[PDB]
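Here's a solo chain for you in structure tokens, the form deposited in one PDB entry.
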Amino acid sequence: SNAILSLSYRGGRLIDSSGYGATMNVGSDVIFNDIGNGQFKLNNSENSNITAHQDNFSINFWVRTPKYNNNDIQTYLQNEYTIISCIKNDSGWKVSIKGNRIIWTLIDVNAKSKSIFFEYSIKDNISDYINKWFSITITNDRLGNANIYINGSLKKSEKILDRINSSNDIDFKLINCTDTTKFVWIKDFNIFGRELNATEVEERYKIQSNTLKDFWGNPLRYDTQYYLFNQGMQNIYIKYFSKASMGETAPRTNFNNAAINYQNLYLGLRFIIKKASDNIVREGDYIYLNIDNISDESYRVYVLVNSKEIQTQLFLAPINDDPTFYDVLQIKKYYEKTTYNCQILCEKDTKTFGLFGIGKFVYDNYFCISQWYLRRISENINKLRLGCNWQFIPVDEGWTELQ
């Protein structure tokens, strides 16, 4: 139904947008930003805290938690710490994190507890969860079922048990975390006074998602260094091929040990998005793609305008005024609009050159532009043809790499 409580960071202050007038107490070691409305970071200190002073309800919020430290994996796996709690006389509810698990716990007046959790892999080459914003929704009823939804989709649902106390305070704070460097990002925290159904959860997800985002789920920005990720070919990156003035694919390198495995992200061409015509890139903007790690001089992505082929290799070159090439691009989000993917179009202007992708040429796979990606092969084509879907990866503190 209607939010009992909703945290928003409006104009320098954390408030309750609920209209229920919750009063907020904020420690001195909390970091805020005004992205969306907005975001806060809990560090591992007693001074990094927020208190909201206020059998069927729902909890919804998005969370961003940092990648494990390769050399501190047993701490990551074994240390469960509370992040959000509503407890009184040892009874109530808490949200906790234990490594790659997010955990919901109900505790009765006798200290008898039962938990439900969501676990994501820490062995996949590419993760939709590690260090990335993702939405969680927990519902609970009197039947009684507890459900965990992740990114709008039901992931778990279990029963069931004495009485569970209700508290006037909700504490946002790391409890029992043993890594002094730990932090957690939270946004869009909401409480509902009823059990939201599967349809209600999906819709609130789509709503809480026109904004172009980066790989981590934050707004995409101009003048920011980004590595490039391809949704259709996730296990390669784009590398400058000196002999040809092109981008060729290369296999991502990886790291693995006994407990974990991942492919490296900070590889290949490093791009900067420039305004062609604030610093947030919006759907449909006209942009250039600069590349700043090929040499001392700036390079840029060019489209061969006088090609009659279906697909053409993109020309990665020093800045020039050669009219046989064109550098004005448009970043778009044609579909899968809740994801962090985007497409790159070039048009000039009654003439469409296609979308950026990866194509087979005389053979190897090259960073290219192709009309193939605009073909309306079938109504579901966009679910099958993923090579024109890209994400931009900035270096982020929650994801560190060797070398």
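Definition used throughout: the rigid core is the maximal C-alpha set that superposes within 1.5 Å between two forms. Don't overthink the numbering: it's just position in the shown sequence, from 1.
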Please say, as none, 1 to 3, 4 to 9, or 10 or more, how many residues of the deposited sequence are without coordinates in the interval between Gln54 and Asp55. 10 or more
If you count the residues of the deposited sequence that sit between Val362 and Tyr363 but have no coordinates, do you get none, 1 to 3, 4 to 9, or 10 or more? 4 to 9
Looking only at C-alpha temperature factors in the entry, 266 to 274 or 84 to 92, the higher average sits in 84 to 92
Mean C-alpha temperature factor, higher of 193 to 201 and 328 to 336: 193 to 201
Just to confirm, going by the entry's C-alpha B-factors, which of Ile97, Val303, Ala258, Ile130 comes out highest? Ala258
Hey, out of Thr181, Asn290, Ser242, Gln208, whose CA B-factor is highest in the deposited coordinates? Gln208
Of the three thirds of the chain ranked by Cα temperature factor, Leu77 occupies the middle
Split the chain's modelled residues into thirds by Cα B-factor; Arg142 lands in the highest
Third of the chain's Cα B-factor distribution that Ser370 belongs to, per the entry: lowest
What third of the chain does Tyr286 rank in for C-alpha temperature factor, lowest, middle or highest? middle
Lowest, middle or highest third: where is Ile50 by Cα B-factor in its chain? middle
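Here the subject shifts to the form deposited in another entry, a form of this protein not shown in this document.
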Threshold 2 Å Cα movement between the shown form and the other one at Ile377, rigid core reference: yes
On a core-based superposition, does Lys337 travel 2 Å or more at its Cα between the shown form and the other one? no
Please check if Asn69 moves between the shown form and the other one, taking a CA shift of 2 Å or more relative to the superposed core as movement. no
